[PDB]
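**Q** I would like to see how this sequence folds:
(one chain, ligands or ions: 3)
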Amino acid sequence: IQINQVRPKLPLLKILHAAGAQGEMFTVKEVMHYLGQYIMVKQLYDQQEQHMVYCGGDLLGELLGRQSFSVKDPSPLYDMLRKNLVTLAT
Ligand SMILES: [Mg+2]
Ligand SMILES: [Mg+2]
Ligand SMILES: [Mg+2]
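**A** Residues are numbered from 1 along each chain as shown. Ligands and ions are numbered 1, 2, ... in the order given. Shown next is the structure:
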């Protein structure tokens, strides 16, 4: 297996699939692409303040353990990725 591949855990993979991803293993860039598409297409960001993501009530909020987060202050999102990505480079 390639060193730059990661395997998203079940609930994260569900999100990525729900945004148009195919398969089980991805680069971190691909994961971010599909996660971004999920947020963008469902329009979870506040249209009036687009760095704010209102994720509570959605699977993404469940996974994050937060009602909302800011894209400018990504640590809660990065916490979620740390816990939901299986990697070989770590
Ligand atoms: Mg794909
Ligand atoms: Mg695959
Ligand atoms: Mg961090």
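**Q** Please make it C-alpha for all contacts and neighbour counts, starting now.
**A** Will do.
**Q** following the longest strand along the chain, which helix or strand comes up?
**A** When every strand of the chain is counted residue by residue (DSSP state E), the longest turns out to be strand 49-54. Note on strand 49-54: by DSSP states H and E, the next helix or strand toward the C-terminus is helix 59-64.
**Q** distance between that following helix and the chain's centre?
**A** 9 Å (Cα atoms, centre = their mean, to the nearest Å).
**Q** i'd like the first residue to be 486 from this point on
**A** Will do, 486 is the new start, and the previous item becomes helix 544-549.
**Q** follow-up on the earlier one: ok, residues contacting the longest strand of the chain?
**A** Residues outside strand 534-539 that contact it (Cα atoms under 8 Å, 6 or more residues apart in numbering) are 524, 529-531, 546, 552-557.
**Q** spatially speaking, which residue is in the middle of the chain?
**A** Nearest to the mean C-alpha position of the chain, counting by Cα atoms, centre = their mean, stands residue 520 at 4.1 Å.
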